[PDB]
Ligand SMILES: *[C@@H]1O[C@H](CO[C@@H]2O[C@@H](C)[C@@H](O)[C@@H](O)[C@@H]2O)[C@@H](O[C@@H]2O[C@H](CO)[C@@H](O[C@@H]3O[C@H](CO[C@H]4O[C@H](CO)[C@@H](O)[C@H](O)[C@@H]4O[C@@H]4O[C@H](CO)[C@@H](O[C@@H]5O[C@H](CO)[C@H](O)[C@H](O)[C@H]5O)[C@H](O)[C@H]4NC(C)=O)[C@@H](O)[C@H](O[C@H]4O[C@H](CO)[C@@H](O)[C@H](O)[C@@H]4O)[C@@H]3O)[C@H](O)[C@H]2NC(C)=O)[C@H](O)[C@H]1NC(C)=O
Ligand SMILES: *[C@@H]1O[C@H](CO[C@@H]2O[C@@H](C)[C@@H](O)[C@@H](O)[C@@H]2O)[C@@H](O[C@@H]2O[C@H](CO)[C@@H](O[C@@H]3O[C@H](CO[C@H]4O[C@H](CO)[C@@H](O)[C@H](O)[C@@H]4O[C@@H]4O[C@H](CO)[C@@H](O[C@@H]5O[C@H](CO)[C@H](O)[C@H](O)[C@H]5O)[C@H](O)[C@H]4NC(C)=O)[C@@H](O)[C@H](O[C@H]4O[C@H](CO)[C@@H](O)[C@H](O)[C@@H]4O)[C@@H]3O)[C@H](O)[C@H]2NC(C)=O)[C@H](O)[C@H]1NC(C)=O
């Protein structure tokens, strides 16, 4: 799973 | 003589895989007579070679400012590696060394809690939405607000405060027109921190 | 040469009739060969003679620390009077002057709002009770907590933050055992500020 912030990629585990 | 200042990456840059974190060795008071500066870089004692020098900048006070930038990996920084910049210049009896790194200590996950306005604020033209972020270590963090995918920019955030259990807390206050709060609009607190799942959590808040 | 620092009185001291507010003039790096420091105080350019010198104090880094303390009146400080400390010493080419006073600009009354713990916090051992203090100027303030006449000490308060309307705000957070909150106890947030009625207000919070 992945986190996004205002469209931009944050991090994925 | 010349003096050195060494700065960490921006929290956001170390936390967002799509951004590029860098450490910055800034050398001020560089003389016109001897402007040549040599930089050595070390990551945990081991020398690296991928540093790049930014263009020289002449200052209003007759000195040069020379700046060397070292790109770093996210996880090296987050794993707490130490970055040393060594500066040599003719007008300097001996080279100057400076070391920086993440704050030492086990990282703790921030607890993120959104809080509606007081019933007492409801008289006023504008209302306060509060994001309480407590129990995080180290103090490196980013807090932003949004609504319907769009950044809400009318907020302010306290600097991190050291708590009695050794972690940090802060609060972020977003001020909206009361009418927008009444209109059922959902607001979101975005928190970025190393010890969160995927470096990111979001907490929402709307008229109850 | 010596260096000088001039400190304002404590917010609480200026705001409580019973306490005694003072301006403090500190001289550091006073030499062993010339320890004598002359102080001259002025209040709005008018020299006053009621300052009292503190005991001279050895710093053990080759220098003395010499302090002069001038008591001030509540209203004088609040009405924005300016305080000047002039320091003279043999190791100064020229006397050093410092001036301090209240921050300038129309005082604004703080809005005090108390915020209950989040439903999500209610699973933890302890909960956070929040006191949002906004809309105030100047930033000179004090915040305290209590319950049933007794002081609750387990809190932290952020420093004042400048807001987009030129006023200041802060948050104070009291952490209590969940049980104490659950069982219906009243907790109170006490705020002192020159622009409050009677320089004081209190807001309360309970389940
Ligand atoms: C001749 O003039 C020069 C330059 O002066 C400038 O212009 C003149 C006309 C005046 O207006 C000056 O006021 C101007 O600054 C003088 O150079 C100055 O010397 C000072 C000391 O000698 C030095 O003070 C130290 O500042 C530290 C903080 O510096 C910050 O913030 C200031 C302003 O707050 C800013 O101007 C600085 O450039 C610096 O900014 C940071 O830079 C870094 C690196 O670029 C940024 O980090 C990077 O950011 C990028 C993105 O851009 C990316 O994200 C990277 O990942 C990241 O690495 C960072 O974001 C910037 N931050 C900000 C807020 O802007 C203090 O911390 C430090 O204090 C420490 O040490 C002290 C002892 O000296 C202690 O007291 C203290 O406790 C601390 O430990 C210093 O005070 C000035 O910064 C410096 N100015 C510049 C521009 O270099 C020079 O002195 C003078 N010479 C003579 C002979 O008169
Ligand atoms: C020899 O040593 C001395 C003493 O140092 C101590 O001992 C040595 C051996 C070491 O162990 C040190 O670590 C010890 O501190 C050295 O003296 C120091 O010199 C510094 C600069 O030369 C000077 O820096 C300036 O500090 C200002 C803030 O000082 C505050 O806070 C510090 C701690 O943060 C504290 O130590 C100071 O005493 C002072 O504390 C305040 O005292 C006032 C007055 O008493 C209090 O106000 C009163 O409170 C009472 C209640 O008790 C009452 O209510 C009154 O009404 C009220 O007025 C106040 O509450 C105290 N505050 C706090 C937080 O505790 C800075 O503001 C200043 O910065 C400004 O200027 C800079 C440029 O110079 C700017 O960069 C900056 O941005 C600012 O504009 C300076 O940083 C140290 O204070 C000073 N320390 C002491 C104890 O005097 C000496 O240098 C050394 N000599 C040599 C040759 O090495």
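Note that chain B is numbered according to Swiss-Prot, with residues 120-327 shown in order.
Cβ coordinates come from backbone N, Cα and C, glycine included.
The feature domain 'Ig-like 2' is assigned by Swiss-Prot to B:121-220.
Sequence-distant contacts of residue B:204 (disulfide bond), defined by Cβ-Cβ distance under 8 angstroms and a gap of at least six in the same chain, are B:123, B:125, B:142, B:144, B:158, B:159, B:160, B:187, B:189, B:216, B:217. The disulfide bond annotation in Swiss-Prot covers B:144-B:204 (among others) and is backed by sequence analysis.
Secondary structure at residue B:180 (N-linked glycosylation site), taken from DSSP and collapsed to helix, strand or coil, is coil. In the shown protein chains, 7 other C-beta atoms lie within 10 A of the C-beta of residue B:180 (N-linked glycosylation site). Per Swiss-Prot, N-linked glycosylation site is recorded for B:180.
What Swiss-Prot lists as disulfide bond is B:250-B:308 (among others). Cβ environment of residue B:308 (disulfide bond): B:231, B:233, B:250, B:262, B:263, B:264, B:291, B:321, B:322, B:323, B:324 lie under 8 Å away, each six or more residues apart in the same chain.
In the three-state DSSP classification, residue B:144 (disulfide bond) falls within a strand. Listed in sequence order, the recorded positions among B:144, B:180, B:204 whose CB lies under 6 angstroms from an atom of ligand 1 come out as B:180.
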